[PDB]
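Below is one structure, written out as structure tokens, with a few remarks after it.
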Amino acid sequence: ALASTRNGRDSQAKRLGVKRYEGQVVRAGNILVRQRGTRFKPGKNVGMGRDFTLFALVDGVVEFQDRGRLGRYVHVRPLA
Amino acid sequence: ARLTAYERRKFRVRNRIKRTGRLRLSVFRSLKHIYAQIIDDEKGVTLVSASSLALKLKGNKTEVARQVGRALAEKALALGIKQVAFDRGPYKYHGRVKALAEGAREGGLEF
Amino acid sequence: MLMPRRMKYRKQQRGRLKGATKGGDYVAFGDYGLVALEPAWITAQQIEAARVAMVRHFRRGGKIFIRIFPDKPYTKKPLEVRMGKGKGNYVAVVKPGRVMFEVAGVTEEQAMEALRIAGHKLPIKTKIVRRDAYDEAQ
Amino acid sequence: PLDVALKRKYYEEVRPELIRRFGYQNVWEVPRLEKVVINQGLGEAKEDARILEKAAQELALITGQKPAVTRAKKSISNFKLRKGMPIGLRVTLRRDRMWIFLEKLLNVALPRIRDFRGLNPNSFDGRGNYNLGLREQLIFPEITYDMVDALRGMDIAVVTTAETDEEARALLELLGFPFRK
Amino acid sequence: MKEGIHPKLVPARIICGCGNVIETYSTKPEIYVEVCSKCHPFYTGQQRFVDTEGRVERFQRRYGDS
Amino acid sequence: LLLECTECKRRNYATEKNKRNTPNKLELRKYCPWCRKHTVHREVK
RNA sequence: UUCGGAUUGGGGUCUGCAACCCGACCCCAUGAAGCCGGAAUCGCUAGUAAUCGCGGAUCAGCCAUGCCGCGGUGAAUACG
RNA sequence: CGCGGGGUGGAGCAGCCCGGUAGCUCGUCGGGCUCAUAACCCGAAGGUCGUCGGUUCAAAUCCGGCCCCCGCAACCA
RNA sequence: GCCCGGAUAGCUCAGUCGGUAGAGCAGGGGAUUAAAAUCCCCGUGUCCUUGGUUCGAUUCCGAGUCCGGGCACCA
RNA sequence: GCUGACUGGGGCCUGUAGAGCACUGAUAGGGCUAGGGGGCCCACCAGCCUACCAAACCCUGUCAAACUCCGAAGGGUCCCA
RNA sequence: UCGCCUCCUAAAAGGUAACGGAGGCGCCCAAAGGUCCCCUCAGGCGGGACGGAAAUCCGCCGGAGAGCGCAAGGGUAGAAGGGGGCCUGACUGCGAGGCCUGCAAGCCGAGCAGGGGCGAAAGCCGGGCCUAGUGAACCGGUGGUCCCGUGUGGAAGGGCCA
RNA sequence: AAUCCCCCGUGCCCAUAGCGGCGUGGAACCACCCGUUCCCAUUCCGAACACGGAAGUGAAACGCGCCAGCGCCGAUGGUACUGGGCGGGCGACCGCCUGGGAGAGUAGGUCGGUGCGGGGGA
Ligand SMILES: [Mg+2]
Ligand SMILES: [Mg+2]
Ligand SMILES: [Mg+2]
Ligand SMILES: [Mg+2]
Ligand SMILES: [Mg+2]
Ligand SMILES: [Mg+2]
Ligand SMILES: [Mg+2]
Ligand SMILES: [Mg+2]
Ligand SMILES: [Mg+2]
Ligand SMILES: [Mg+2]
Ligand SMILES: [Mg+2]
Ligand SMILES: [Mg+2]
Ligand SMILES: [Mg+2]
Ligand SMILES: [Mg+2]
Ligand SMILES: [Mg+2]
Ligand SMILES: [Mg+2]
Ligand SMILES: [Mg+2]
Ligand SMILES: [Mg+2]
Ligand SMILES: [Mg+2]
Ligand SMILES: [Mg+2]
Ligand SMILES: [Mg+2]
Ligand SMILES: [Mg+2]
Ligand SMILES: [Mg+2]
Ligand SMILES: [Mg+2]
Ligand SMILES: [Mg+2]
Ligand SMILES: [Mg+2]
Ligand SMILES: [Mg+2]
Ligand SMILES: [Mg+2]
Ligand SMILES: [Mg+2]
Ligand SMILES: [Mg+2]
Ligand SMILES: [Mg+2]
Ligand SMILES: [Mg+2]
Ligand SMILES: [Mg+2]
Ligand SMILES: [Mg+2]
Ligand SMILES: [Mg+2]
Ligand SMILES: [Mg+2]
Ligand SMILES: [Mg+2]
Ligand SMILES: [Mg+2]
Ligand SMILES: [Mg+2]
Ligand SMILES: [Mg+2]
Ligand SMILES: [Mg+2]
Ligand SMILES: [Mg+2]
Ligand SMILES: [Mg+2]
Ligand SMILES: [Mg+2]
Ligand SMILES: [Mg+2]
Ligand SMILES: [Mg+2]
Ligand SMILES: [Mg+2]
Ligand SMILES: [Mg+2]
Ligand SMILES: [Mg+2]
Ligand SMILES: [Mg+2]
Ligand SMILES: [Mg+2]
Ligand SMILES: [Mg+2]
Ligand SMILES: [Mg+2]
Ligand SMILES: [Mg+2]
Ligand SMILES: [Mg+2]
Ligand SMILES: [Mg+2]
Ligand SMILES: [Mg+2]
Ligand SMILES: [Mg+2]
Ligand SMILES: [Mg+2]
Ligand SMILES: [Mg+2]
Ligand SMILES: [Mg+2]
Ligand SMILES: [Mg+2]
């Protein structure tokens, strides 16, 4: 309807974002980024799960890469 | 019309290959010749080379191709290289490109 | 009256009157301006009060520019208390140093005595201005 | 067959006239003629998908190629049209088979058109290709007139490497295209 | 061309008010064309037979002798 | 329409979804059993 | 439709001072509606009804298919 | 303000639910029967569906705003 | 989940000792001196679907599709 | 049992303040122009004039929580002190 | 009005209230799924019989404004969009390590083994571009199975898997 | 063999590489090109993809230059805002300190740069 109130909803926050930043040490499996579209693409030693979710493939440290119109990139550098 | 069919399928198959992260056995083929170049990315670097040009052979372009494959294996295997992935570029795996690849076993392989 | 057609959203949050006019402000169309010394929500009905005072002031003659527009919807409840928002019931946000109005094609002594009338219809203090080098070229 | 009288007429006496007229540094710059695309739009057979394969049988006969079918891009209400259905036949012919078809068109078909004070010369498309369209299909030699169930015409696209209309006109004129001037 | 599904397209002969068009190379050899215009009856090779415009012409002609 | 598909023997199966009036047929597709390995698997009950 | 000839294009003929409005007629072309007519409704009992042609008055000519007449052929049906 | 129903040929009412198709009675128009009118019979015309927006391939139909209509409610104070 | 009853041309439907299909208001045609009724004629309706039973199946066996009443159940 | 709040250095994350108008919308003045509002000459396709309607487009000039070509201060986190 | 998803409020990490502003879900798809191969939009201008603002065709221009089953957002043609061939990984046995988080839940997940699919391969494949399409436990139904079986053998009834 | 130059691949920066105009290149690379027998192709078409070729052409495409009309990049100075610290105003809001400091805009910039490998000249 109009007045009484037709509004009132909202959904739960999804706690989305970057979970490991540059030069943080990770282990195989650690998810690195939680995100909706392809907003960061998977890099070197980095997986992407069906919900667009990026994880470390290998132990290591995380480096961020901005490739211009190729988008932004997350890799894991071994010395695992 | 921007960015042609050629350059799309071009990128398409490279990108897929480039993920698995092997050494890349790339294949250019002109209407005259057929060349093949084995690359390691992340160093952005060529390792082994083979051409119908620098080998100066001719007649039956396919048969010429099988040769520049064996030519590559032989030179390549000599540096330790055995496993790689076949780039196949913007070419149907068929004919001349098929032939170089099936001439590139006997030597480093899985094609 | 003055009012948009077509809005994207019917109601919209109040927000602040913070700052300086941020553009508008340099006297682009006319010989004389009326500039805002204070912030305020100037109402579609105050604007039209001022516009008419000026045309009445000269001859149906002259030329008048306005140059602020009431695109911000102004809600009010009835004598109720609290359940939802709404309703109704339009303003233009106006910070200091903005040119509203701004006449042309009239004698200075006309424009200035009309712009003086005009600002008596406004909720804020005002300043009459002329035109300059300072109003540049563009 | 690689011979085909019109093909020849183009090479011996159409090309040189064109070089003589516009004048051309390069053999390639002189207009070639690629791609006659013939297209029957038919809403006519829409709910009937049977009527169609007759029309494609007709088009084959005069072209020497079976056409492929075009299917509705988007869905439109006002004349039926689910976004699925076949709208019509379209055949591409080039390279010889093109020629052998244009010959027949110039010397037999258009002559057989009732009235015909000639091909309209405003149909050049400004970048130098030309289009026209026919009301009935029986103006062709391969059509026996007792094989017409119902009339269906078509659209013909003459595509040409000529950068402009003027040149494109000249090419087609010289090939024997009768024009209403 | 895909082999199957196709009209033969074999050399032919063909006819008109004129002689033959040797060109042919068509489906269905030996065809008879009713009339063409080129072959120069009926428009091109402009005959202008039967010719029109007489009707402004006429009203002035038998007219002022009478 | 909840879906239930046996194979032929041992009657244990594996479980599906088609809520719908097509596919309406015997609704059969190749699957791995817990039984031996990769048999024919037809729908049922 | 070799049915039917309305309409229209062109070409002429005659009367008449004169055929645009408004004439009749001949020829070429054009060939429309029309496949026995809703509710309803008219005439006719015998040489009648149907059907076929012919003359006259008026009148330069004629919109006559009208009217007033002439004969040719020639039914059906009346319990009541 | 609040909840519920409504707005369609001139009149009264269906169709909305379940997307594609707008029907019924009366009136109106033309013919008929009658000396004439009514009754009666044979034919016809007539609505964009309050409105503005949206959804869809398609909106009287589904959705939102606004405008009128009718009803219910407005209690302890 | 049940059992059963109802599903027929255009509508209602009425009809199983199985070998053939049917009737009224409709529709149309025809008569009826004013306009109903009443007379006389014609409509695959593949009689609720599929496989099965023998010559034969609206009507007989295996599953069903749909509908009702009165029962059931419902963590 | 030195890892703590706080602090220094370094990296990475972000889309607020401010501002902007490239998107989505709104929007003042002018220009140029589709469709027409039809003044009408038509009542043949025509068909011109518009101090009214008008898309887009150019020029000037603005506005926005659910607009962003941009974008600080700060904030978060990890390493080393 | 009550659970779930999208946006804003939300003060550039996460999170954050109000009978604050706006919308959506309670499904759907045996192809709308897996893979290999191919293809690239919408719009505008010009040309073209019936074709009209739009059916189909031809030309040029058009980096994405289209499409991605449905709301919104984010994403996306160097495909996630459109067509086709083979196919059923919308597998079974598990699961390093994490996101989230009061619990219980929710979520992503490489990798190994069995047997497969598509591919020359590299490889991908444990449904769908993603984020809604859902409901602890207790009672019971139905299919299987080894487990228990009240002196013993069976049966009754349970358990366990679905 | 290094060095340089041209081509061909193939990376990288991610428009200062772009659009448009102009000019230039075929020996060699490359392309278009010749053909459709064969492998393989087209919901029709050897267009594309594919093969067997080598007569011609640098027209298209591609490469290399040069033009600042567009596009893209873009200071310095000054403001806005602001961490932290203080004031003022009934209010809306405003000012000072110290530290950080845009966006628009102005000046300019720009018709790319570069790694590995080949082929050819040096
Ligand atoms: Mg949220
Ligand atoms: Mg400004
Ligand atoms: Mg106020
Ligand atoms: Mg109270
Ligand atoms: Mg004042
Ligand atoms: Mg033209
Ligand atoms: Mg051209
Ligand atoms: Mg007259
Ligand atoms: Mg007859
Ligand atoms: Mg009659
Ligand atoms: Mg007389
Ligand atoms: Mg007479
Ligand atoms: Mg009447
Ligand atoms: Mg009466
Ligand atoms: Mg409404
Ligand atoms: Mg609509
Ligand atoms: Mg009480
Ligand atoms: Mg009381
Ligand atoms: Mg009181
Ligand atoms: Mg009656
Ligand atoms: Mg310490
Ligand atoms: Mg830091
Ligand atoms: Mg702001
Ligand atoms: Mg804007
Ligand atoms: Mg904002
Ligand atoms: Mg910047
Ligand atoms: Mg320390
Ligand atoms: Mg947003
Ligand atoms: Mg936040
Ligand atoms: Mg914050
Ligand atoms: Mg935050
Ligand atoms: Mg709701
Ligand atoms: Mg288009
Ligand atoms: Mg067009
Ligand atoms: Mg999009
Ligand atoms: Mg969306
Ligand atoms: Mg969407
Ligand atoms: Mg989106
Ligand atoms: Mg597929
Ligand atoms: Mg198989
Ligand atoms: Mg775990
Ligand atoms: Mg937990
Ligand atoms: Mg896995
Ligand atoms: Mg395995
Ligand atoms: Mg295999
Ligand atoms: Mg309990
Ligand atoms: Mg239990
Ligand atoms: Mg036992
Ligand atoms: Mg016992
Ligand atoms: Mg016992
Ligand atoms: Mg048991
Ligand atoms: Mg940029
Ligand atoms: Mg050469
Ligand atoms: Mg040369
Ligand atoms: Mg060139
Ligand atoms: Mg700048
Ligand atoms: Mg600065
Ligand atoms: Mg401060
Ligand atoms: Mg700056
Ligand atoms: Mg440049
Ligand atoms: Mg380079
Ligand atoms: Mg070199």
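Each chain in the structure tokens gets a letter, A, B, ..., in the order shown, and its residues are numbered from 1; ligands are numbered from 1 in order too.
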
May I have all residues of range 138-176 of chain D that DSSP, computed from the backbone, assigns to strand (DSSP E), given as a ChimeraX atom specification?
/D:154-160

Please identify the residues whose atoms come within 9 Å of ligand 62, using only C-alpha atoms (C1' of nucleotides) and all ligand atoms, and report them as a ChimeraX atom specification.
/L:117-120

Within 10 Å of residue 41 in chain F using only C-alpha atoms (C1' of nucleotides), minus same-chain residues under 6 positions, as a list in words
residues 5, 6, 7, 8, 13, 14, 27, 28, 29, 30, 31, 32 and 33 of chain F

Give me, as a ChimeraX atom specification, the set of residues whose atoms come within 12 Å of any atom of ligand 10, counting only C-alpha atoms (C1' of nucleotides) and all ligand atoms.
/G:36-38,40-42

For residue 29 in chain I: contacts at 12 Å, only C-alpha atoms (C1' of nucleotides), fewer than 6 positions along chain excluded, given as an MDAnalysis selection string:
chainID I and resid 40:42

Pull C-alpha atoms (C1' of nucleotides) from the residues just selected and write them as a PDB file, in the first residue's frame.
```pdb
ATOM      1  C1'   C I  40     -41.310 -33.540 -40.913  1.00  0.00           C
ATOM      2  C1'   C I  41     -35.934 -33.903 -42.374  1.00  0.00           C
ATOM      3  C1'   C I  42     -29.799 -33.681 -41.585  1.00  0.00           C
TER       4        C I  42
END
```

Neighbour list for residue 15 in chain I as an NGL selection string, cut-off 12 Å, only C-alpha atoms (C1' of nucleotides), skip fewer than 3 positions in-chain
:I and (8 or 21-23 or 47 or 58-59)

Determine, counting only C-alpha atoms (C1' of nucleotides), which protein, DNA and RNA residues have an atom within 12 Å of an atom of residue 63 in chain I; residues of the same chain fewer than 2 positions away are not included. Present the result as a count of residues only.
6

Every residue of range 25-171 of chain D that DSSP places in helix (DSSP H, G or I), as a VMD selection string
chain D and resid 50 to 63 97 to 112 165 to 171

Tell me, as a PDB file with N, CA and C atoms (P, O5', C5', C4', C3', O3' and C1' of nucleotides), in the first residue's frame, which residues lie within 8 Å of range 18-22 of chain L, counting only C-alpha atoms (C1' of nucleotides); anything in the same chain fewer than 2 positions away does not count.
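After the write, out17.pdb holds the following:
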```pdb
ATOM      1  P     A L  15      45.152   3.809 -19.524  1.00  0.00           P
ATOM      2  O5'   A L  15      46.109   4.504 -20.588  1.00  0.00           O
ATOM      3  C5'   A L  15      46.493   3.823 -21.772  1.00  0.00           C
ATOM      4  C4'   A L  15      46.359   4.738 -22.939  1.00  0.00           C
ATOM      5  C3'   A L  15      46.208   6.195 -22.569  1.00  0.00           C
ATOM      6  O3'   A L  15      47.434   6.789 -22.217  1.00  0.00           O
ATOM      7  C1'   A L  15      44.693   5.633 -24.292  1.00  0.00           C
ATOM      8  P     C L  67      54.695  16.636 -36.828  1.00  0.00           P
ATOM      9  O5'   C L  67      53.528  17.340 -37.623  1.00  0.00           O
ATOM     10  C5'   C L  67      52.675  18.256 -36.981  1.00  0.00           C
ATOM     11  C4'   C L  67      51.361  18.256 -37.691  1.00  0.00           C
ATOM     12  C3'   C L  67      50.127  18.546 -36.852  1.00  0.00           C
ATOM     13  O3'   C L  67      49.910  19.933 -36.669  1.00  0.00           O
ATOM     14  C1'   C L  67      49.733  16.709 -38.325  1.00  0.00           C
ATOM     15  P     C L  70      40.055  20.591 -30.412  1.00  0.00           P
ATOM     16  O5'   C L  70      39.406  19.133 -30.352  1.00  0.00           O
ATOM     17  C5'   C L  70      37.997  18.989 -30.494  1.00  0.00           C
ATOM     18  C4'   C L  70      37.560  17.550 -30.651  1.00  0.00           C
ATOM     19  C3'   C L  70      37.843  16.596 -29.490  1.00  0.00           C
ATOM     20  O3'   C L  70      36.928  16.693 -28.410  1.00  0.00           O
ATOM     21  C1'   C L  70      38.494  15.576 -31.516  1.00  0.00           C
ATOM     22  P     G L  71      37.471  16.734 -26.894  1.00  0.00           P
ATOM     23  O5'   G L  71      37.888  15.225 -26.586  1.00  0.00           O
ATOM     24  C5'   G L  71      37.009  14.144 -26.849  1.00  0.00           C
ATOM     25  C4'   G L  71      37.749  12.828 -26.925  1.00  0.00           C
ATOM     26  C3'   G L  71      38.739  12.494 -25.804  1.00  0.00           C
ATOM     27  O3'   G L  71      38.106  11.990 -24.625  1.00  0.00           O
ATOM     28  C1'   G L  71      39.745  12.053 -27.900  1.00  0.00           C
ATOM     29  P     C L  72      38.437  12.495 -23.118  1.00  0.00           P
ATOM     30  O5'   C L  72      39.781  11.768 -22.709  1.00  0.00           O
ATOM     31  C5'   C L  72      39.958  10.395 -22.998  1.00  0.00           C
ATOM     32  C4'   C L  72      41.396  10.004 -22.845  1.00  0.00           C
ATOM     33  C3'   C L  72      42.154  10.724 -21.739  1.00  0.00           C
ATOM     34  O3'   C L  72      41.915  10.208 -20.451  1.00  0.00           O
ATOM     35  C1'   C L  72      43.423  10.819 -23.699  1.00  0.00           C
TER      36        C L  72
END
```

As an MDAnalysis selection string, please: every protein or nucleic acid residue near ligand 46 (cut-off 12 Å, counting only C-alpha atoms (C1' of nucleotides) and all ligand atoms).
(chainID I and resid 75) or (chainID K and resid 136:139)
